[PDB]
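**Student:** Sharing a structure with you now.
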2 protein chains.
Amino acid sequence: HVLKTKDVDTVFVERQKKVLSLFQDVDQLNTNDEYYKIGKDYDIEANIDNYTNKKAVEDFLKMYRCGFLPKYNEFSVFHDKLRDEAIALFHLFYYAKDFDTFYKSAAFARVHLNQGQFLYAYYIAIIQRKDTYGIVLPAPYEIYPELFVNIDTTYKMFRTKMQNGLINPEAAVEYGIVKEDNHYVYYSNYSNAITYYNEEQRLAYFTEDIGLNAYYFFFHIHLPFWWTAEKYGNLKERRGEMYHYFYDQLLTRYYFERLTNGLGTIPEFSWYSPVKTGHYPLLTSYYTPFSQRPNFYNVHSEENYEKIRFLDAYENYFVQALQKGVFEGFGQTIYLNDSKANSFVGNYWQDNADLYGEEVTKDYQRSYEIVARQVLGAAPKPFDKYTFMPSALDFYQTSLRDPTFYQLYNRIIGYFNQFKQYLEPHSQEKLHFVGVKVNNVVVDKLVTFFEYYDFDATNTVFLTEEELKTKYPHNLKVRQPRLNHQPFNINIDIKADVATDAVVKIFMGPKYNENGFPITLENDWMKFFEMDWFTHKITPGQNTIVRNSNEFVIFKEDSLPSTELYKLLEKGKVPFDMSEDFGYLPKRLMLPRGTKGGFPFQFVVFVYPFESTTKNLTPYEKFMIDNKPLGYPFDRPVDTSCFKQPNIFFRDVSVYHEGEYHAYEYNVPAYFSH
Amino acid sequence: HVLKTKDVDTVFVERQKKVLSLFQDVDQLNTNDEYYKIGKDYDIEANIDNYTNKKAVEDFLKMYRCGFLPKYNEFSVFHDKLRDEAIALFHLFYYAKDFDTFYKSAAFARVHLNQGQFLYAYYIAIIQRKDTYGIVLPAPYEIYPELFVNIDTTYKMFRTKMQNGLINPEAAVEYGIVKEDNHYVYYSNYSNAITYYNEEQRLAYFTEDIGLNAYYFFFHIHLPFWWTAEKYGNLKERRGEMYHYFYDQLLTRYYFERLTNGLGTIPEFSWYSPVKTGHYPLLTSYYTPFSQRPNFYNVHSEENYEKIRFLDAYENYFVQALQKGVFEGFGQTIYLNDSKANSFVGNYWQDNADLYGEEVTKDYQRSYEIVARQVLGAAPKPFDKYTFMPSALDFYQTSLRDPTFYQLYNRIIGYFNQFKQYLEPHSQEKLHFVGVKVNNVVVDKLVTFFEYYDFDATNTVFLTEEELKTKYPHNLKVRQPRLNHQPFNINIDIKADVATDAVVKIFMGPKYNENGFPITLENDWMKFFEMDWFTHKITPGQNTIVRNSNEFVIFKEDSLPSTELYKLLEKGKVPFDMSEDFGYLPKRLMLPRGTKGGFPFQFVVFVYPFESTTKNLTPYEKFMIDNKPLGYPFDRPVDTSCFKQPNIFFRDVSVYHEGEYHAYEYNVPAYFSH
Ligand SMILES: *[C@@H]1O[C@H](CO)[C@@H](O[C@@H]2O[C@H](CO)[C@@H](O[C@@H]3O[C@H](CO[C@H]4O[C@H](CO[C@H]5O[C@H](CO)[C@@H](O)[C@H](O)[C@@H]5O[C@H]5O[C@H](CO)[C@@H](O)[C@H](O)[C@@H]5O)[C@@H](O)[C@H](O[C@H]5O[C@H](CO)[C@@H](O)[C@H](O)[C@@H]5O[C@H]5O[C@H](CO)[C@@H](O)[C@H](O)[C@@H]5O)[C@@H]4O)[C@@H](O)[C@H](O[C@H]4O[C@H](CO)[C@@H](O)[C@H](O)[C@@H]4O[C@H]4O[C@H](CO)[C@@H](O)[C@H](O)[C@@H]4O[C@H]4O[C@H](CO)[C@@H](O)[C@H](O[C@H]5O[C@H](CO)[C@@H](O)[C@H](O)[C@H]5O)[C@@H]4O)[C@@H]3O)[C@H](O)[C@H]2NC(C)=O)[C@H](O)[C@H]1NC(C)=O
Ligand SMILES: *[C@@H]1O[C@H](CO)[C@@H](O[C@@H]2O[C@H](CO)[C@@H](O[C@@H]3O[C@H](CO[C@H]4O[C@H](CO[C@H]5O[C@H](CO)[C@@H](O)[C@H](O)[C@@H]5O[C@H]5O[C@H](CO)[C@@H](O)[C@H](O)[C@@H]5O)[C@@H](O)[C@H](O[C@H]5O[C@H](CO)[C@@H](O)[C@H](O)[C@@H]5O[C@H]5O[C@H](CO)[C@@H](O)[C@H](O)[C@@H]5O)[C@@H]4O)[C@@H](O)[C@H](O[C@H]4O[C@H](CO)[C@@H](O)[C@H](O)[C@@H]4O[C@H]4O[C@H](CO)[C@@H](O)[C@H](O)[C@@H]4O[C@H]4O[C@H](CO)[C@@H](O)[C@H](O[C@H]5O[C@H](CO)[C@@H](O)[C@H](O)[C@H]5O)[C@@H]4O)[C@@H]3O)[C@H](O)[C@H]2NC(C)=O)[C@H](O)[C@H]1NC(C)=O
Ligand SMILES: *[C@@H]1O[C@H](CO)[C@@H](O[C@@H]2O[C@H](CO)[C@@H](O)[C@H](O)[C@H]2NC(C)=O)[C@H](O)[C@H]1NC(C)=O
């Protein structure tokens, strides 16, 4: 298994090394590094001519002269002041006329501003600026290790750095601390191996997977809710569509993990009753432990009355719009069948900039999601604008760790899916592919297993004045057994009459509902996980297609550590996926953990005529190369019919799991010491 | 300290004497008085030609022939039938062609109608009729002493009257009954000296202050929610602005009293959870005690299910309008920034006539304030249209005695202040006064203390057939120590470039929040109490202004008993404030009770260019002589800026309290007997 690579020129390489020079030892400043001198004395005012937008720069300066979030404090985009500052900073980065002015602005920020705040605006700018297109971003877990690993292993790294090494390596092994080469390796367990407060803990290997969490972070920085989608041209008109697709797909995938663990559907809650599923983040900031929400949390308390009424009102509005058939307000009146209605509900639920026709949201345009994250996070109200007790719900990099995150968005998609039943359902004729028929589909054995995975966590530690004189160590390694599966083929048999360009899609869906009974397309159309999308020229007669799971376009390879990125740069290359598909879900997670006896699911292949791609979303996500609605044909209900189309095939499938069932078993000292 | 007086001609004096002739021994009828014969035989039908609006008079007769509230029963403008009768009566009074016809109509009413009802319509007619403009109104506590004093002292007066004097004066002293001259003086404690059911009771000297309660009553009769603001020209368009101003100032002032008493912010509540703070009115009607709301009252019971859904719906509508950026309904469509928006939210929350574009409100036009006062009052449903158990929330003269009164309006203004954040914030430029700078502000020591205050409470008692044959006694006096403060100067130091006409305002704001930390303008702009407003001619160079607290235009002098009014009329004079500023907050209450060590607050002086006064509200309140929104520049949030404007100055201040801290200490027999 070789990783696909891509060729880059000398300019790109030079810009790549520059951006990476600002992603090192992020919680500390190195006066020996070139960036410190540049950044410390950069005069934004004096170079105001090197920015395409003078107003944005002046607003930044005006804001900056008043002070920004101090260093070391936690930064969260869900807090007004912090967000506005971060956004002003983003504008300073985005409007730099050229890479050089941008780099200097970045260095300025790195030296003067809050590390978290800088990293946030930095990450987004690299994604948004045209001149940095293709630039490979370092893994978020490598940049925010304190957000991707529990305190028990963070504390072990702290103890190692404080002791300046291992004092008794033979004893350290019993605490998962091993030395390999010149690296210190830390075997890190998911939380279900240290605390089991509720049954949802059984899903910890999935909800705490660094790749899954990185995936949500990438989703957000690819296109922040506070920013307009203008830059992406077409996506703007299809933004709400993308919202639905992303969350439906994520919720459905999470649902599958629940199913193979016997946890049933995503729980429903009320803002007027205790929230059943609590959550205890084993994370910490530099000033406080993350807030905890005990099981059966009394959410309807005096501190949340007003917020709950707002959330209620927000839901009420939508439900009433569905009833009367029209969305009023926001400067327009949309009937449910309007051609922009789909984008409206999506933008409405997310309360994004595009809902208002602006480039950035304002503080007074209150958000359902932000307020809901606030009350579900269970944190006491902020001490002040710059100080708050964070919860898993305050970061896109830790959101998926909280069971209520899925419950919140499942509630939202719940309404979105209700809205979809008011639309014209897909007719049997529009779904039919005259001349095309799928005679059979055979799927190879589906097997999951846990496999060790390492990543650089050195950013967890603080370097010595002497250590800063020499090259960075990239000394610490965090090792966790992560979910994965064996590659598998899908053999498709297609009997055709005429020759035509066809599109073939591969989905994965449940076979039974939570109670073990047969699924129903009428109520379960939204439970199909899109796995593949590709064009294929169908020749008259017999057509045999073989798609290997490693080829599914929906997923990407694991990221490589910054150190391997450099070696690859010497060759004038960059990982293909890491550069162009950084937002895709890691392929090692395309399958939910199976069971020893094999858990029931079904694959489905659908092939339809290839045609218009005039309003595709390639500038956003590469695989979106058609005009059909995202998730087609499971994007909305379908005109109930008891006789399936010949161009769609459903194949039963079983997901088995090999090796140790529980991930923590691979971190038992007796085991890894062999 | 001399009280300001105003000269009045003979015509005014005779009308003043005529109006006061109907404010004597109000719960009884005097056949020996001139008004009795006049009112008993007055024929409205026959004199219909003396009313400018015949339809109104016919409606009154049609309604009167069916019967009105009987004598002795409690009257409240919050009960449908009662309000409708009162409004009909008002029209009869208002449409009288000349003073004489008005007086007869009033005499007729005094004789035939419910005393409370008559007094209600009468008070308002005197304020609204043009020919009675300036006519001095007797203090509400003199007219309705049973609404301004607890039953313990009401019963003492009853006992005195029944015994026809004191049987054992030496002994009566131990109960606060003392004879002075020809008066019987009753030392009257606030409820916190007889029952301490919850911590809010420590605010009783304030919430029960007769002046504070009279103030709210004056606010009502000056312009009832059921009547249109048409009479006041410009006010009509700014009605909502005045609504926000009145309640925000009152709520802020209340907040200040909580701060010096360690009671923090105004509590928030939910219609679906027990209301924490109860209230026990130590008041009674002629037929029943006032209803009581115990602590942690179960408000969400079957009797209130439907009313709560209404209240909840009313709030939902506002919250959704804010979210969609437009107010729909009531015959129009108003975007948040529309020029008519501010008045809409005001008229909406109040459910007043101007909301519907009518003269007076109708029964089916359900009111949030009324329904909320109904469920918060905790009284069982009315026996019938004429019989109900009253709560402190059923009267404008007792409302401030109930903690939930503040909680309810704080909830409404919460929404109002939320709406304010959707408006164009005051820009730094517009707040800047070019060439004008406030160099310094010095405030003399702020000191509060309790000082005895007496008022005529003879209306509490019933007179003898013989006593009615001679002049009214004005025999009984209620004595209570009331909050007060020493006069203080505010020295303002201004450095100007050129000469201009400037407006200088003075505010009092908190220094710290309820937790003891620094206030923030972005979140506490609504907590600034306006204290003074005046024009001043600034000359080039150094300017020095000296304003004494006694000169603040926002406050008035205490009311004089009706007996002192007569003596003053004989000199062709009337108190200046009682005549033109009756609705102003008593100046003795401008400062919250301080603490021995001195409680922190801050004074702010802001000076801006004097200009337009085209849409001023002088006809309503004298001090509103500008075009600026009421409360400027703290009427809405301001473009956040850490750099203060040169024409504004903040000065730390400490409010000290001298003498006994608790008011009841002055009502201890050992103390007042010396
Ligand atoms: C415990 O607990 C407690 C309780 O809580 C606490 O306390 C706290 O604390 C805190 C901290 O400390 C604090 O805070 C702070 O404060 C401070 C002070 O303040 C003040 O002052 C200021 C200044 O002033 C000045 O300036 C101005 C301008 O700007 C002007 O105007 C004036 O006049 C003056 O002048 C001057 O200046 C200068 C000096 O400085 C010179 O030039 C000369 O001298 C001149 O003359 C100011 O600004 C302020 O203001 C304020 O206030 C007032 C009143 O008072 C007012 O009026 C105003 O307006 C303002 O206010 C307000 O506003 C609003 C309200 O409405 C809001 O917003 C707020 O409140 C505000 O405030 C005063 O006066 C200060 O300084 C600081 O600052 C800082 O921080 C912040 C945040 O926090 C930011 O924003 C800013 O920016 C800054 O930053 C900085 O720092 C930090 C740390 O801290 C960091 O992180 C950052 O990064 C930065 O850094 C920088 O700086 C530093 C110093 O500063 C240094 O060191 C550094 O360096 C380094 O690094 C670099 C790189 O980067 C390198 O290169 C090198 O090498 C190294 O070295 C840098 O440079 C703050 O703010 C508070 O306050 C307290 N609280 C209380 C209640 O008290 C404690 O802490 C604890 N403790 C423990 C142990 O834990
Ligand atoms: C206990 O508990 C119990 C239970 O709760 C109770 O009971 C109650 O009681 C009550 C009280 O008493 C009652 O009520 C009452 O009643 C009565 C009776 O009724 C009946 O009758 C009437 C009358 O009739 C007549 O008239 C007419 C017209 O108008 C006609 O039509 C007829 O026919 C007749 O005629 C005749 O007679 C006359 C006389 O009157 C002559 O002219 C000749 O003879 C002729 O022929 C009537 O109206 C009524 O009716 C009604 O009802 C029916 C049924 O039955 C019906 O059908 C009808 O429609 C009617 O209505 C109804 O209905 C509706 C609808 O549904 C409703 O709303 C209701 O139901 C109604 O009702 C009958 O029949 C009566 O009378 C009375 O009245 C009164 O009151 C009221 C209120 O309440 C008012 O509004 C009115 O106006 C009146 O008033 C008066 O009185 C009062 C007192 O009470 C007062 O306050 C006032 O102010 C007034 O006064 C006046 O008068 C009097 C007499 O009455 C006198 O006395 C006085 O005198 C004074 O004056 C001056 C001062 O200002 C001086 O100057 C001198 O000097 C002095 O003296 C005055 O004048 C009532 O209503 C009830 O009923 C019961 N309930 C039950 C259930 O039963 C008890 O009470 C208790 N007890 C204890 C002790 O606590
Ligand atoms: C009054 O409201 C309108 C719309 O609600 C505001 O107009 C918007 O202004 C922003 C600029 O910040 C534009 O990006 C939008 O396209 C405008 N939308 C519409 C519908 O006009 C207007 O700014 C508000 N009034 C003021 C003075 O700001």
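By order of appearance in the structure tokens: chains A, B, ..., then residues from 1 within every chain, and ligands from 1 in the order shown.
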Define the interface residues of chain A facing chain B as those within 7 Å, counting only C-alpha atoms, and report them as a PyMOL selection string.
**Tutor:** chain A and resi 66+302+305+310+313-314+317+329-330+364
**Student:** For residue 429 (chain A), please output as a VMD selection string all residues within 12 Å (counting only C-alpha atoms; exclusion window: fewer than 3 positions along the same chain).
**Tutor:** chain A and resid 425 to 426 432 to 434 608 638 to 639 641 644 to 647
**Student:** Within 7 Å of region 139-152 of chain B, counting only C-alpha atoms, which residues qualify if same-chain residues fewer than 2 places away don't, as a list in words?
**Tutor:** residues 137, 154, 155, 156, 210, 214, 282, 283, 397, 398, 455, 456, 457, 459, 460 and 559 of chain B
**Student:** If you count only C-alpha atoms and all ligand atoms, which residues end up within 10 Å of ligand 1, as an MDAnalysis selection string?
**Tutor:** (chainID A and resid 29 31 36:37 39:41 63:73 81 108:115 287 383:387) or (chainID B and resid 512 516:525 640:644 650)
**Student:** Please extract the residues of region 344-508 of chain A with a backbone DSSP assignment of strand (DSSP E or B) and present them as an mmCIF file with C-alpha atoms, in the first residue's frame.
**Tutor:**
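Once everything was written out, this is part_31.cif:
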```
data_model
loop_
_atom_site.group_PDB
_atom_site.id
_atom_site.type_symbol
_atom_site.label_atom_id
_atom_site.label_comp_id
_atom_site.auth_asym_id
_atom_site.auth_seq_id
_atom_site.Cartn_x
_atom_site.Cartn_y
_atom_site.Cartn_z
ATOM 1 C CA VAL A 360 -19.651 38.052 8.131
ATOM 2 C CA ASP A 384 -15.766 37.728 31.560
ATOM 3 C CA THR A 387 -12.368 33.929 30.515
ATOM 4 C CA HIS A 426 -38.302 11.425 -6.693
ATOM 5 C CA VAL A 436 -29.263 -0.040 -17.794
ATOM 6 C CA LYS A 437 -29.726 -2.896 -15.305
ATOM 7 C CA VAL A 438 -27.701 -4.182 -12.350
ATOM 8 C CA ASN A 439 -27.878 -7.993 -12.461
ATOM 9 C CA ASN A 440 -25.724 -8.522 -9.403
ATOM 10 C CA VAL A 441 -23.407 -7.080 -6.772
ATOM 11 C CA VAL A 442 -20.925 -9.100 -4.756
ATOM 12 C CA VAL A 443 -19.029 -7.631 -1.820
ATOM 13 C CA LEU A 446 -15.975 -6.814 5.486
ATOM 14 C CA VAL A 447 -13.542 -6.939 8.404
ATOM 15 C CA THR A 448 -12.613 -4.343 11.025
ATOM 16 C CA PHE A 449 -9.736 -4.445 13.508
ATOM 17 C CA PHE A 450 -7.705 -2.113 15.680
ATOM 18 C CA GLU A 451 -4.260 -1.014 14.559
ATOM 19 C CA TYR A 452 -1.668 1.167 16.305
ATOM 20 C CA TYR A 453 -1.306 4.712 15.049
ATOM 21 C CA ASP A 454 1.282 7.312 16.049
ATOM 22 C CA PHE A 455 1.365 11.076 15.813
ATOM 23 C CA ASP A 456 3.754 13.759 17.070
ATOM 24 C CA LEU A 476 7.153 12.815 21.721
ATOM 25 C CA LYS A 477 4.920 10.206 20.130
ATOM 26 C CA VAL A 478 1.350 9.366 21.144
ATOM 27 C CA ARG A 479 0.333 5.824 20.195
ATOM 28 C CA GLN A 480 -3.304 4.697 20.050
ATOM 29 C CA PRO A 481 -4.957 1.637 18.572
ATOM 30 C CA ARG A 482 -7.316 3.131 15.978
ATOM 31 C CA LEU A 483 -10.222 1.534 14.119
ATOM 32 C CA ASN A 484 -9.474 0.288 10.613
ATOM 33 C CA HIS A 485 -10.627 -2.345 8.138
ATOM 34 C CA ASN A 489 -13.799 -5.120 -3.525
ATOM 35 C CA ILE A 490 -17.310 -4.541 -4.776
ATOM 36 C CA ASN A 491 -18.047 -6.427 -8.003
ATOM 37 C CA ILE A 492 -20.851 -4.867 -10.009
ATOM 38 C CA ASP A 493 -22.645 -6.746 -12.808
ATOM 39 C CA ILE A 494 -24.456 -4.506 -15.304
ATOM 40 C CA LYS A 495 -26.506 -5.660 -18.307
ATOM 41 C CA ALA A 496 -26.927 -2.824 -20.807
ATOM 42 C CA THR A 500 -23.929 5.859 -22.531
ATOM 43 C CA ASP A 501 -21.894 7.738 -19.932
ATOM 44 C CA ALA A 502 -23.235 6.626 -16.563
ATOM 45 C CA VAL A 503 -22.735 7.683 -12.968
ATOM 46 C CA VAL A 504 -22.514 4.945 -10.383
ATOM 47 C CA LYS A 505 -22.912 5.486 -6.655
ATOM 48 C CA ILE A 506 -22.303 3.155 -3.748
ATOM 49 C CA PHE A 507 -24.136 3.453 -0.447
ATOM 50 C CA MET A 508 -24.116 1.548 2.820
#
```
